[PDB]
Amino acid sequence: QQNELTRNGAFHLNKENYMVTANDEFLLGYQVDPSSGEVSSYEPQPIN
Amino acid sequence: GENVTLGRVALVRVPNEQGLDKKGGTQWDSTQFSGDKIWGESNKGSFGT
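From first to last, the protein sequence lines stand for chains q and l.
At the far end of the first sequence sits residue 146, using the entry's author numbering, and the numbering has no gaps.
At the far end of the second sequence sits residue 389, using the entry's author numbering, and the numbering has no gaps.
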């Protein structure tokens, strides 16, 4: 719920293999299954 | 004529290479954001050759 909107895409990985920004702020994304097609669950969560 | 293997080179990969801290002489060390040093051989799994 506590998320902020941005535009630059300078992303990288941290030790936990989460795509974060320069400030170590975790990105959010949609959950789709390995066999799914379109978005399954619309609630965002960090990309692994 | 004794052909014997003397060892093999160790290869180290960290999950977050951007987070490695910079020492002198083109050298780095592991830090808390760089992850833990993953010790592996070459040409195995995700490692290069």
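Every residue gets a Cβ at the ideal spot worked out from N, C-alpha and C, and that includes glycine.
Opposing strand residues paired with residue i [DSSP bridges]
i: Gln367/l; result: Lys363/l
i: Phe124/q; result: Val118/q
i: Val352/l; result: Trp379/l
i: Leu111/q; result: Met117/q
i: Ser139/q; result: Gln129/q
Residue i classed as buried or exposed, judged by whether at least 16 other C-beta atoms fall within 10 angstroms
i: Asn115/q; result: exposed
i: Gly347/l; result: exposed
i: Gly359/l; result: buried
Rounded distance between the beta-carbons of residue j and residue i, thought under 8 Å
i: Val352/l; j: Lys377/l; result: 5 Å
i: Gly341/l; j: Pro355/l; result: At roughly 45 Å, the Cβ-Cβ gap does not stay under 8 Å, so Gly341/l and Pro355/l are not in contact.
i: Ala350/l; j: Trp368/l; result: The pair is not a contact, with the Cβ atoms about 15 Å apart (cut-off 8 Å).
i: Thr371/l; j: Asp361/l; result: 5 Å
Member of the options whose CA lies at the smallest distance from the CA of residue i
i: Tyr140/q; options: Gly127/q, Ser134/q, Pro132/q and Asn146/q; result: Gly127/q
i: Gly107/q; options: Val130/q, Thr119/q and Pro132/q; result: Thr119/q
i: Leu111/q; options: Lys363/l, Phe387/l, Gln367/l and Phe373/l; result: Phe373/l
Worksheet item: For the stretch 358-375 of chain l, which residues have a CB atom closer than 8 Å to at least one CB atom of chain q, in sequence order?
Response: Within the stretch 358-375 of chain l, the qualifying residues are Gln358, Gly359, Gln372, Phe373, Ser374 and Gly375.
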